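Below: the structure, in structure tokens.
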Amino acid sequence: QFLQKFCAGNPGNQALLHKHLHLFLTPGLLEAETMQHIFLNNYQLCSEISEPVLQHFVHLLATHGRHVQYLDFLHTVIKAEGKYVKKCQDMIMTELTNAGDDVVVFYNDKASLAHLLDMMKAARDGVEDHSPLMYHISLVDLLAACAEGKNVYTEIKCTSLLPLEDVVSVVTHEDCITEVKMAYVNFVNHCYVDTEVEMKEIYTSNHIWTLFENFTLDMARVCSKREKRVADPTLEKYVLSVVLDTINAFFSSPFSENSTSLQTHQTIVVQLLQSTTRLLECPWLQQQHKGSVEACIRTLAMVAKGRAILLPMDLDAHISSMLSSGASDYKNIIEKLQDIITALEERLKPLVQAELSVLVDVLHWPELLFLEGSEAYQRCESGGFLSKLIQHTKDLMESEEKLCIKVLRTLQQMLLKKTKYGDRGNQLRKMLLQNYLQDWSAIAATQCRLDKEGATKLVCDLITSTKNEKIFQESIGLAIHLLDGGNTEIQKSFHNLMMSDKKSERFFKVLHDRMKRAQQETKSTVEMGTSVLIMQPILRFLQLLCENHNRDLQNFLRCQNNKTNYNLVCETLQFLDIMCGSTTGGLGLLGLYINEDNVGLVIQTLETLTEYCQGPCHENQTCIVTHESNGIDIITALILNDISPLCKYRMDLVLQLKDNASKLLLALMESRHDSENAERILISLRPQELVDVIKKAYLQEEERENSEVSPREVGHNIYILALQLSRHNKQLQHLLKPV
Amino acid sequence: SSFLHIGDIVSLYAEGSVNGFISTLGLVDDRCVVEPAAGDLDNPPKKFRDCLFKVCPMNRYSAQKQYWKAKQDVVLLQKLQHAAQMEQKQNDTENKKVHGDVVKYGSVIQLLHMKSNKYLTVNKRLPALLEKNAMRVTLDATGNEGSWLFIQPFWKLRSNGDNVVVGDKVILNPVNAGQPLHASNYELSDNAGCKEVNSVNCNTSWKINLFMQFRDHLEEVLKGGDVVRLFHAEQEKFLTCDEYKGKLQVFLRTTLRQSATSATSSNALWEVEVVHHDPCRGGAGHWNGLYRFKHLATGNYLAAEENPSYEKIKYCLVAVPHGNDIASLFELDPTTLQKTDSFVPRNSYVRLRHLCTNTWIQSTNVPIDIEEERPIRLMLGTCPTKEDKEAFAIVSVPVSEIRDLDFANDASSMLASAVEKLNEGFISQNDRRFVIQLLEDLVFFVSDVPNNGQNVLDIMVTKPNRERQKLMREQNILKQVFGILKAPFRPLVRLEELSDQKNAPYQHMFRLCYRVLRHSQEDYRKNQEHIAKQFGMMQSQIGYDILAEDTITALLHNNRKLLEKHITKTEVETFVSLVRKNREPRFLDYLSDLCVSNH
Amino acid sequence: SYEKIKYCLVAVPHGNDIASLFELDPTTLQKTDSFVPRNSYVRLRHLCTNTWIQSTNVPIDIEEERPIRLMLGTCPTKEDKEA
Ligand SMILES: O=P(O)(O)O[C@@H]1[C@H](O)[C@H](O)[C@@H](OP(=O)(O)O)[C@H](OP(=O)(O)O)[C@H]1O
């Protein structure tokens, strides 16, 4: 009990207790209660929860017995800080389905229904704190929460477990408790009215109307109890919260337009409308509940107007009038300390940068600290401290993730240009350096020295074998810094390692797996998911590898000599196609897929593709041109179809996109004399449109005022593309001839 | 042994809870059922044409799907249409290019039904009709993205990347659904003994049985299962089998038409079966091979039997219900000099010889139905000698005709069952609902208009389909429709009490029947005469709201002979009497139309 | 005891007798009858009896905790799932 109170409302204690989580991973009701409290109102822990915790809880429920503490823990896990966790819902549903019928029990048979009624009347006064009745209620709520997420299979399974007829039969019985009624209504709302299944049985069926008249009866009893001072809080919450939501969901859906066609349904709709009209009259309702009631009334009223329903004059006038009306000193010390803390932090912030920058400078030349002529000085002069740092970084990967990350970040700062921290920072840096120690060319020398140490091997080793995203990202960043400026020595070192090392297959596989996940996330977008952000560094690293016209590296990116080859070249093309929408994007709807956020990534993909082709390498050009994804059409559509939605507020991005696309197309056939490349592009392109866009670019001088890339320059590049194409198409040659 | 190839025609045999081939219900039904009692590997089902699936490569549907959603502004729709057509063309060329490639484990394939030309697909959103837990599996014409099916090993011997071998047990995992196909144990209420196929986690294994290879699928050679008709060049008559006196008899039908080749008949359609050691295997036919001929309309097998009276015909051709006996084996003898014993060319003259008896089939000028006016049935015999003046041309058949025959045969069988059930005395609500569904389907079939929700009773035909009308008459379905009219009024249902809402469902069924009769006859004399032969029953039922009067007026409006012969003073008395009882202007219009025929 | 296993695999001290002769049946389609490739799946059949070896789930050492020995038998029919 002390532990539960300690980690009550403060995530800091919850994380602190989670540090020793393995203590509580044992059978026991008290342990389960503590586990529930720890993961209560904590999105970070709920999202970070791993498979073993959920699997262990499911196992205990299946084997230990039928208990609610497990269900309680699962329910808090799914919902945290008002936002559902999709991964937790899917995992829980899968485990429940795989566990069997022991964990999931539903009373649907005639004997089971009689058994439900027998317990239901027994617990008429109230629900016991430990009984199978509330176990079923918790299970129903748990399934409803799982079905809330967007997963078609989960909703189908939930619908199968509890059919519509069963809900109607259980609820309609006079001997029914409010707790089960609210749970079943919530389950129906989360599964039937709101569902991705195309069956939509609820919207077209007579079963729901039974619930509607039961809801009308429940509201009638509630208001009568209010008049008689026999108000029951449970019933009030029932009608106010879930009944209103269920009514709103059905009658506000677009599939309910044809649902109400018969007279019986019309009368029932009238009964509901008048019932809520009576409810709003009473003053006991609160503002929070009034809004929900008003929303239901408004939804019902508009449905009435659309269907031209006939209502009694007395209540019809009242409803219309209501609708019109709605439309028309310890504190001093504590605060003082806070200001001092903020002031000190701001004042001392610049010096921290200088102090950290001393670390990299020390790592640059550790020799100075040791006395001249000693063994340590000789070892430090030729590698030594740095050499051991690279070698032992690989060993410590599993031992300490944070230490490796810090080492990589320090190494990246080593390979980065120095910056002026400030007057105070400069003075501190100078003082520290004197106490301790007594340019593109410089960057190139530093990169070569680190490569000699084994940085390239370390980066390859980190990338191929790593289960931590941060370490992989840091390794990619270090590689980009090492290759920055198109250094040939680093590029050759990567080539030698890839050929000699037998683990290059894993490197290509992980990149391939990472690439596909980005495409799937990009496809699912129809803000940015984690996969796409990590997409850009991989492309940048590949581009730097192919920098300075490296033919062999470009060939290895396309295909290698190993057993199973992954062609990284077309993955960028496929990703671009899906990002822009693929075929539909290039059919005139290009502007509906490119937003301000993703322009930069698209530019990087196009630039990377251009560097692949600008060998001049024929294999890459044919591979991209002849690829089955039809990425040429979208690439051409970029030049032809201007991105109007983006041009309204940002034209420079559009021009840069146009410029990069033109460069890529030029590289696609820059050094090709065969017409196959020209034929495919011409098929995707339209000669009449090409001359038109060229004319518009010539006349697009209006926006040249605030254009980093002149529209004239891209227009000329397109013309050169057209001229190169005229050699194989007679029609394009004819139009391109000026009068 | 051989490796599975793209384009091969194979049959999938589910091994697990239910052991049987996968087939599809006839008519328009898109459900797939596994029938354990139909047959096994040793004894394939009699109707093996439903169990054949062709393997096709992946076909992208992103452009097609975007079109369909947008349909379900004008310039945008046209642009989407152009892309979908381009996508369809890109798919078509890809299949041709990929044709002949080996199928490897872990690859995606599409299964296409030969009889229905529909892809087998899985819809994740919609659950199965019977088992709510599982997903829905159905046949789709165009095929959505669910058509893709990963072919995965079921044995630990095979591994990913290994070529698929014929006879290997494999698991078909849909790309999107992610749950392997499963032959459910839930018996279908509509058809007894038929199970259901749905996508759900299971241990079911599908065995790949080869029926025909891609190389042998050439359209220029005779192949097992082809629907062809045998034409007698000498007598210029088509081989046919029909019921004459309660027994089915084979003969040559005499045709009064100027062009004999144009006398196509639904009962003259035969199916060629190539007999091999493996019953499941089919393949192309060779000159030296053995063949079997099956009647599609009935399913009997052509054979020979002792002549009761012996004449020059020692053995007379007859149809036997079962073809497993050696008496149904036949050999093809070329008329011209062919190159060795290679594939039999399509549309080539051949002579049929009886292996068991070693005799050559001959045509005789002795009618079977001598005791009738203008006999049209000619007996076919066999003699030990060879007659070089006689052969049987193998005339091909269009795909439309075979599809129509299957529809007509299935509709006739159910209607016969419905007639028997009505004749018994009691019919359940479900059975009559199915009958009504079948009747409206037949009404659409005869009319041929697309089904878009328009009322079946109120429908017009700009150009009647002669082929379907002839099939309607020949398959005895019109006789079944007449039986449905006769048995109830004999009582299960009374005409005078039809107005009651209790009998409302029957009224609709009778209305549908007359619509079939009305749509069956249009600008065709033979159908009009056949229907008018039962004028007594229709005349007796006039007056009740069953649309009987409309059918009578339409039938007699364009036929002077029937109008003069049938309409005597009695019918005029009935019409005027009904006018007096109803005082309805409609009856006046019917009389006015009756007065003047053909303007 | 005969069960579906008519004949049981056992070890004989001397191999000169024909009872120890075995053929190898390839699982996949090999090129004619050339050399058996190394690391290939094969099925063992008894020449003297003309039967195919099958695996059974009946433990030999039933009278002990957690039996680990599984009997191997032969049947006239061929099981393509075993190699
Ligand atoms: O042009 P009409 O007056 O209709 O006459 C047609 C034809 O001349 C024959 O009477 C008959 O063919 P057969 O005698 O050869 O059968 C055919 O019926 P069919 O459709 O049953 O062949 C008729 O439709």
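Labeling convention for the structure tokens: chains A, B, ... as they appear, residues from 1 per chain, ligands from 1 in order of appearance.
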**OP:** Could you list, as a PyMOL selection string, the residues of chain C having an atom within 12 Å of chain B when counting only C-alpha atoms?
**Re:** chain C and resi 26-32+40-43+79-83
Output N, CA, C and O atoms for every residue in the selection just made, as a CSV table (one decimal), in the first residue's frame.
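For reference, selection_30.csv as written:
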```
chain,number,residue,atom,x,y,z
C,26,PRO,N,15.4,-39.6,-53.9
C,26,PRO,CA,15.5,-38.2,-53.8
C,26,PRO,C,14.2,-37.5,-53.6
C,26,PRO,O,13.1,-38.0,-54.0
C,27,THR,N,14.2,-36.4,-52.9
C,27,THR,CA,12.9,-35.7,-52.6
C,27,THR,C,12.6,-34.8,-53.8
C,27,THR,O,11.4,-34.7,-54.1
C,28,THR,N,13.6,-34.1,-54.4
C,28,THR,CA,13.4,-33.2,-55.5
C,28,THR,C,13.7,-34.0,-56.8
C,28,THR,O,14.1,-35.1,-56.8
C,29,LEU,N,13.5,-33.3,-57.9
C,29,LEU,CA,13.8,-33.9,-59.2
C,29,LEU,C,15.3,-33.6,-59.6
C,29,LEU,O,15.7,-32.5,-59.8
C,30,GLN,N,16.0,-34.7,-59.5
C,30,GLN,CA,17.5,-34.6,-59.8
C,30,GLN,C,17.7,-35.0,-61.3
C,30,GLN,O,16.9,-35.6,-62.0
C,31,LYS,N,18.9,-34.7,-61.7
C,31,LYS,CA,19.3,-34.9,-63.1
C,31,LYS,C,19.7,-36.4,-63.3
C,31,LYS,O,20.8,-36.8,-62.9
C,32,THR,N,18.8,-37.2,-63.9
C,32,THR,CA,19.0,-38.6,-64.2
C,32,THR,C,19.4,-39.3,-62.8
C,32,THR,O,18.7,-39.0,-61.8
C,40,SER,N,21.9,-33.2,-49.0
C,40,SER,CA,20.7,-33.3,-49.7
C,40,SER,C,19.7,-34.2,-48.9
C,40,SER,O,20.1,-35.2,-48.3
C,41,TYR,N,18.4,-33.9,-49.1
C,41,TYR,CA,17.4,-34.7,-48.4
C,41,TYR,C,17.1,-36.0,-49.2
C,41,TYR,O,16.9,-35.9,-50.4
C,42,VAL,N,17.0,-37.1,-48.5
C,42,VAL,CA,16.8,-38.4,-49.1
C,42,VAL,C,15.8,-39.2,-48.2
C,42,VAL,O,15.7,-38.9,-47.0
C,43,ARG,N,15.2,-40.1,-48.8
C,43,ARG,CA,14.3,-41.1,-48.1
C,43,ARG,C,14.9,-42.5,-48.2
C,43,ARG,O,15.3,-42.9,-49.3
C,79,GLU,N,5.5,-41.8,-47.5
C,79,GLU,CA,5.1,-40.5,-46.9
C,79,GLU,C,6.1,-39.5,-47.4
C,79,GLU,O,7.2,-39.5,-47.0
C,80,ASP,N,5.6,-38.6,-48.2
C,80,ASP,CA,6.4,-37.5,-48.8
C,80,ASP,C,6.8,-36.5,-47.8
C,80,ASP,O,7.7,-35.7,-48.1
C,81,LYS,N,6.1,-36.4,-46.7
C,81,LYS,CA,6.4,-35.4,-45.7
C,81,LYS,C,7.7,-35.7,-44.8
C,81,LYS,O,8.1,-34.9,-44.1
C,82,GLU,N,8.3,-36.9,-45.0
C,82,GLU,CA,9.4,-37.4,-44.2
C,82,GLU,C,10.6,-37.5,-45.1
C,82,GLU,O,10.5,-38.1,-46.2
C,83,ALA,N,11.8,-37.0,-44.6
C,83,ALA,CA,13.0,-37.2,-45.3
C,83,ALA,C,14.1,-37.1,-44.3
C,83,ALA,O,14.0,-36.5,-43.2
```
At most 10 Å is the cut-off: for each residue in chain A with any atom that close to an atom of chain B, write down the nearest atom pair and the distance in Å rounded to one decimal, counting only C-alpha atoms, chain first then increasing number, as a Markdown table.
```
| residue | atom | partner | partner_atom | distance |
| --- | --- | --- | --- | --- |
| A:151 | CA | B:125 | CA | 9.6 |
| A:152 | CA | B:125 | CA | 6.0 |
| A:153 | CA | B:124 | CA | 7.3 |
| A:155 | CA | B:125 | CA | 9.4 |
| A:156 | CA | B:127 | CA | 6.8 |
| A:157 | CA | B:133 | CA | 5.7 |
| A:158 | CA | B:133 | CA | 8.8 |
| A:159 | CA | B:132 | CA | 8.0 |
| A:160 | CA | B:132 | CA | 5.3 |
| A:161 | CA | B:133 | CA | 8.0 |
| A:163 | CA | B:132 | CA | 9.4 |
| A:195 | CA | B:125 | CA | 9.8 |
| A:196 | CA | B:125 | CA | 7.0 |
| A:197 | CA | B:125 | CA | 4.8 |
| A:198 | CA | B:126 | CA | 6.0 |
| A:199 | CA | B:126 | CA | 6.1 |
| A:200 | CA | B:126 | CA | 9.5 |
| A:582 | CA | B:62 | CA | 8.8 |
| A:583 | CA | B:63 | CA | 6.4 |
| A:584 | CA | B:63 | CA | 7.0 |
| A:586 | CA | B:83 | CA | 9.9 |
| A:587 | CA | B:79 | CA | 6.4 |
| A:588 | CA | B:76 | CA | 7.8 |
| A:589 | CA | B:76 | CA | 8.8 |
| A:628 | CA | B:90 | CA | 9.5 |
```
Could the residues in this selection be saved with N, CA and C atoms as a short mmCIF file (atom, residue, chain, number, x, y, z; two decimals), in the first residue's frame?
```
data_model
loop_
_atom_site.label_atom_id
_atom_site.label_comp_id
_atom_site.auth_asym_id
_atom_site.auth_seq_id
_atom_site.Cartn_x
_atom_site.Cartn_y
_atom_site.Cartn_z
N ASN A 151 -8.13 -1.38 -36.47
CA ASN A 151 -7.63 -2.70 -36.86
C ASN A 151 -8.84 -3.55 -37.24
N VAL A 152 -8.97 -3.86 -38.53
CA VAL A 152 -10.19 -4.51 -39.01
C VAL A 152 -10.37 -5.88 -38.37
N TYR A 153 -9.28 -6.65 -38.26
CA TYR A 153 -9.39 -7.99 -37.70
C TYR A 153 -9.85 -7.95 -36.24
N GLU A 155 -11.77 -5.77 -34.73
CA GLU A 155 -13.21 -5.51 -34.66
C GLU A 155 -14.00 -6.74 -35.09
N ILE A 156 -13.53 -7.45 -36.12
CA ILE A 156 -14.24 -8.64 -36.59
C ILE A 156 -14.27 -9.70 -35.49
N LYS A 157 -13.13 -9.92 -34.84
CA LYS A 157 -13.08 -10.90 -33.76
C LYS A 157 -13.98 -10.49 -32.60
N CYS A 158 -13.95 -9.21 -32.24
CA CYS A 158 -14.82 -8.74 -31.16
C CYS A 158 -16.29 -8.90 -31.52
N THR A 159 -16.64 -8.58 -32.77
CA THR A 159 -18.02 -8.77 -33.21
C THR A 159 -18.43 -10.23 -33.13
N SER A 160 -17.53 -11.14 -33.54
CA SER A 160 -17.84 -12.56 -33.48
C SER A 160 -18.06 -13.02 -32.05
N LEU A 161 -17.24 -12.53 -31.11
CA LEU A 161 -17.33 -13.00 -29.73
C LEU A 161 -18.69 -12.67 -29.13
N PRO A 163 -22.23 -11.36 -30.46
CA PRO A 163 -23.07 -10.95 -31.59
C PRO A 163 -24.12 -9.94 -31.17
N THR A 195 -16.98 1.45 -37.12
CA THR A 195 -16.27 0.27 -37.57
C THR A 195 -15.82 0.47 -39.01
N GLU A 196 -14.71 -0.20 -39.35
CA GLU A 196 -14.21 -0.21 -40.72
C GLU A 196 -14.71 -1.39 -41.53
N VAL A 197 -15.47 -2.30 -40.92
CA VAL A 197 -16.00 -3.46 -41.62
C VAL A 197 -17.14 -3.01 -42.53
N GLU A 198 -17.11 -3.45 -43.78
CA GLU A 198 -18.08 -2.99 -44.77
C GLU A 198 -19.47 -3.59 -44.55
N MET A 199 -19.60 -4.60 -43.68
CA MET A 199 -20.90 -5.21 -43.47
C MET A 199 -21.91 -4.20 -42.94
N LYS A 200 -21.53 -3.45 -41.90
CA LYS A 200 -22.38 -2.40 -41.34
C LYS A 200 -23.77 -2.95 -41.02
N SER A 582 2.34 7.95 -56.16
CA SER A 582 2.47 6.97 -57.23
C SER A 582 1.66 7.39 -58.45
N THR A 583 0.88 6.47 -59.02
CA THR A 583 0.20 6.75 -60.28
C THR A 583 -0.78 7.91 -60.14
N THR A 584 -1.57 7.92 -59.06
CA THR A 584 -2.56 8.98 -58.89
C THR A 584 -1.89 10.33 -58.70
N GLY A 586 0.89 11.40 -60.10
CA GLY A 586 1.32 11.89 -61.39
C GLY A 586 0.21 12.12 -62.39
N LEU A 587 -1.03 11.82 -62.02
CA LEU A 587 -2.19 12.01 -62.90
C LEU A 587 -2.85 13.37 -62.70
N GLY A 588 -2.10 14.37 -62.25
CA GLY A 588 -2.63 15.69 -61.99
C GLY A 588 -2.86 16.00 -60.53
N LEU A 589 -2.84 14.99 -59.65
CA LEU A 589 -3.03 15.19 -58.22
C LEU A 589 -1.71 15.21 -57.46
N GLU A 628 9.91 -1.17 -62.74
CA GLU A 628 8.49 -1.45 -62.89
C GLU A 628 7.61 -0.51 -62.07
#
```
Report the closest atom pair, with its distance in Å rounded to one decimal, for each residue of chain B that has an atom no farther than 8 Å from ligand 1; count only C-alpha atoms and all ligand atoms, sort by chain and then rising residue number, and write it as a tab-separated table.
```
residue	atom	partner	partner_atom_place_in_ligand_line	distance
B:254	CA	ligand 1	15 (O)	6.6
B:255	CA	ligand 1	15 (O)	3.4
B:256	CA	ligand 1	15 (O)	4.3
B:257	CA	ligand 1	15 (O)	4.9
B:260	CA	ligand 1	15 (O)	7.7
B:263	CA	ligand 1	15 (O)	5.8
B:264	CA	ligand 1	22 (O)	7.7
B:265	CA	ligand 1	22 (O)	7.5
B:470	CA	ligand 1	20 (O)	6.0
B:524	CA	ligand 1	4 (O)	6.0
B:525	CA	ligand 1	4 (O)	5.3
B:526	CA	ligand 1	24 (O)	5.8
```
Original post:
Residues at most 12 Å from residue 223 in chain A, counting only C-alpha atoms, excluding those fewer than 3 positions away in the same chain, as a ChimeraX atom specification?
Top reply: /A:216-220,226-232,235-236,239-240,275-285
Would you save the residues of that selection, restricted to N, CA, C and O atoms, as a JSON list (two decimals), in the first residue's frame?
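And here's result_14.json as it stands now:
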```
[["chain", "number", "residue", "atom", "x", "y", "z"],
["A", 216, "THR", "N", -34.97, 4.80, -24.36],
["A", 216, "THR", "CA", -36.05, 5.73, -24.04],
["A", 216, "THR", "C", -36.67, 5.39, -22.69],
["A", 216, "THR", "O", -36.95, 6.28, -21.89],
["A", 217, "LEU", "N", -36.89, 4.10, -22.43],
["A", 217, "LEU", "CA", -37.42, 3.69, -21.13],
["A", 217, "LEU", "C", -36.46, 4.05, -20.01],
["A", 217, "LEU", "O", -36.87, 4.54, -18.96],
["A", 218, "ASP", "N", -35.16, 3.81, -20.22],
["A", 218, "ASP", "CA", -34.18, 4.12, -19.18],
["A", 218, "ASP", "C", -34.17, 5.61, -18.86],
["A", 218, "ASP", "O", -34.13, 5.99, -17.69],
["A", 219, "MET", "N", -34.21, 6.46, -19.89],
["A", 219, "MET", "CA", -34.26, 7.90, -19.65],
["A", 219, "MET", "C", -35.55, 8.29, -18.93],
["A", 219, "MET", "O", -35.54, 9.15, -18.05],
["A", 220, "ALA", "N", -36.67, 7.66, -19.30],
["A", 220, "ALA", "CA", -37.93, 7.97, -18.63],
["A", 220, "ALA", "C", -37.87, 7.62, -17.15],
["A", 220, "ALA", "O", -38.36, 8.38, -16.31],
["A", 226, "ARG", "N", -35.57, 11.32, -10.68],
["A", 226, "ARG", "CA", -35.19, 12.67, -10.30],
["A", 226, "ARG", "C", -36.36, 13.41, -9.66],
["A", 226, "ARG", "O", -36.19, 14.10, -8.65],
["A", 227, "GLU", "N", -37.55, 13.27, -10.23],
["A", 227, "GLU", "CA", -38.73, 13.91, -9.66],
["A", 227, "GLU", "C", -39.06, 13.32, -8.29],
["A", 227, "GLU", "O", -39.49, 14.04, -7.38],
["A", 228, "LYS", "N", -38.85, 12.02, -8.12],
["A", 228, "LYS", "CA", -39.18, 11.33, -6.88],
["A", 228, "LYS", "C", -38.04, 11.34, -5.87],
["A", 228, "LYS", "O", -38.16, 10.72, -4.81],
["A", 229, "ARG", "N", -36.93, 12.03, -6.18],
["A", 229, "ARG", "CA", -35.78, 12.11, -5.28],
["A", 229, "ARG", "C", -35.19, 10.73, -4.99],
["A", 229, "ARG", "O", -34.65, 10.48, -3.91],
["A", 230, "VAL", "N", -35.29, 9.82, -5.97],
["A", 230, "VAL", "CA", -34.73, 8.48, -5.85],
["A", 230, "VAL", "C", -33.60, 8.34, -6.85],
["A", 230, "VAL", "O", -33.33, 7.25, -7.37],
["A", 231, "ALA", "N", -32.93, 9.46, -7.15],
["A", 231, "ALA", "CA", -31.89, 9.46, -8.16],
["A", 231, "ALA", "C", -30.79, 8.47, -7.81],
["A", 231, "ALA", "O", -30.35, 8.37, -6.66],
["A", 232, "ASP", "N", -30.34, 7.73, -8.83],
["A", 232, "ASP", "CA", -29.25, 6.77, -8.69],
["A", 232, "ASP", "C", -28.06, 7.26, -9.51],
["A", 232, "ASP", "O", -28.19, 7.40, -10.73],
["A", 235, "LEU", "N", -27.14, 5.12, -12.75],
["A", 235, "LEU", "CA", -28.04, 5.28, -13.89],
["A", 235, "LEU", "C", -27.85, 6.64, -14.56],
["A", 235, "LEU", "O", -27.89, 6.75, -15.79],
["A", 236, "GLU", "N", -27.63, 7.68, -13.76],
["A", 236, "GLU", "CA", -27.42, 9.01, -14.33],
["A", 236, "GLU", "C", -26.20, 9.03, -15.23],
["A", 236, "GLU", "O", -26.24, 9.58, -16.34],
["A", 239, "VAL", "N", -27.12, 6.97, -18.66],
["A", 239, "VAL", "CA", -27.89, 7.67, -19.69],
["A", 239, "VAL", "C", -27.09, 8.85, -20.24],
["A", 239, "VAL", "O", -27.06, 9.09, -21.45],
["A", 240, "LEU", "N", -26.44, 9.61, -19.36],
["A", 240, "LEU", "CA", -25.78, 10.84, -19.78],
["A", 240, "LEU", "C", -24.60, 10.56, -20.70],
["A", 240, "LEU", "O", -24.38, 11.28, -21.68],
["A", 275, "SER", "N", -38.11, 12.32, -25.63],
["A", 275, "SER", "CA", -37.53, 11.90, -24.35],
["A", 275, "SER", "C", -36.37, 12.81, -23.95],
["A", 275, "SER", "O", -36.27, 13.23, -22.80],
["A", 276, "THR", "N", -35.48, 13.12, -24.90],
["A", 276, "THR", "CA", -34.39, 14.04, -24.60],
["A", 276, "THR", "C", -34.91, 15.46, -24.40],
["A", 276, "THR", "O", -34.32, 16.23, -23.63],
["A", 277, "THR", "N", -36.00, 15.82, -25.08],
["A", 277, "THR", "CA", -36.61, 17.13, -24.86],
["A", 277, "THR", "C", -37.07, 17.27, -23.41],
["A", 277, "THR", "O", -36.90, 18.33, -22.80],
["A", 278, "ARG", "N", -37.68, 16.22, -22.86],
["A", 278, "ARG", "CA", -38.05, 16.23, -21.45],
["A", 278, "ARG", "C", -36.82, 16.30, -20.56],
["A", 278, "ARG", "O", -36.82, 16.99, -19.54],
["A", 279, "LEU", "N", -35.75, 15.60, -20.94],
["A", 279, "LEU", "CA", -34.56, 15.54, -20.10],
["A", 279, "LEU", "C", -33.93, 16.92, -19.94],
["A", 279, "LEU", "O", -33.52, 17.30, -18.83],
["A", 280, "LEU", "N", -33.83, 17.69, -21.03],
["A", 280, "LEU", "CA", -33.17, 18.99, -20.95],
["A", 280, "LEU", "C", -33.95, 19.97, -20.09],
["A", 280, "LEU", "O", -33.37, 20.91, -19.54],
["A", 281, "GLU", "N", -35.27, 19.77, -19.96],
["A", 281, "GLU", "CA", -36.08, 20.69, -19.18],
["A", 281, "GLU", "C", -35.66, 20.71, -17.71],
["A", 281, "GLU", "O", -35.60, 21.77, -17.08],
["A", 282, "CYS", "N", -35.36, 19.54, -17.15],
["A", 282, "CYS", "CA", -35.02, 19.46, -15.74],
["A", 282, "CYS", "C", -33.74, 20.25, -15.47],
["A", 282, "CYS", "O", -32.82, 20.25, -16.29],
["A", 283, "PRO", "N", -33.64, 20.93, -14.32],
["A", 283, "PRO", "CA", -32.46, 21.75, -14.04],
["A", 283, "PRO", "C", -31.29, 21.02, -13.39],
["A", 283, "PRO", "O", -30.20, 21.60, -13.32],
["A", 284, "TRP", "N", -31.49, 19.79, -12.92],
["A", 284, "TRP", "CA", -30.41, 19.08, -12.24],
["A", 284, "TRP", "C", -29.21, 18.85, -13.15],
["A", 284, "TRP", "O", -28.09, 18.65, -12.66],
["A", 285, "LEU", "N", -29.41, 18.88, -14.47],
["A", 285, "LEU", "CA", -28.31, 18.65, -15.39],
["A", 285, "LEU", "C", -27.26, 19.75, -15.25],
["A", 285, "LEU", "O", -27.57, 20.91, -15.00]]
```
Subject >> Exercise: residue 78 in chain C partners within 8 Å, only C-alpha atoms, chain neighbours under 3 positions left out, as a PyMOL selection string >> reply: chain C and resi 51-52+75
Restricting it to N, CA and C atoms, dump the selection as a PDB file, in the first residue's frame.
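Generated file (selection-v9.pdb):
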```
ATOM      1  N   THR C  51       9.802 -51.294 -48.207  1.00  0.00           N
ATOM      2  CA  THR C  51       9.022 -50.421 -47.344  1.00  0.00           C
ATOM      3  C   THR C  51       9.798 -49.136 -47.092  1.00  0.00           C
ATOM      4  N   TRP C  52       9.064 -48.092 -46.716  1.00  0.00           N
ATOM      5  CA  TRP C  52       9.624 -46.767 -46.491  1.00  0.00           C
ATOM      6  C   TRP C  52       9.671 -46.484 -44.996  1.00  0.00           C
ATOM      7  N   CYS C  75       6.643 -48.598 -43.195  1.00  0.00           N
ATOM      8  CA  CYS C  75       5.321 -48.906 -43.712  1.00  0.00           C
ATOM      9  C   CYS C  75       5.382 -49.084 -45.221  1.00  0.00           C
TER      10      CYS C  75
END
```
Subject >> Two-atom distance - CA of residue 521 in chain A, CA of residue 599 in chain A (Å) >> reply: 16.7 Å
Subject >> Spatial neighbours of residue 250 in chain A, max dist 10 Å, only C-alpha atoms, sep filter under 6 positions, as a count of residues only >> reply: 11
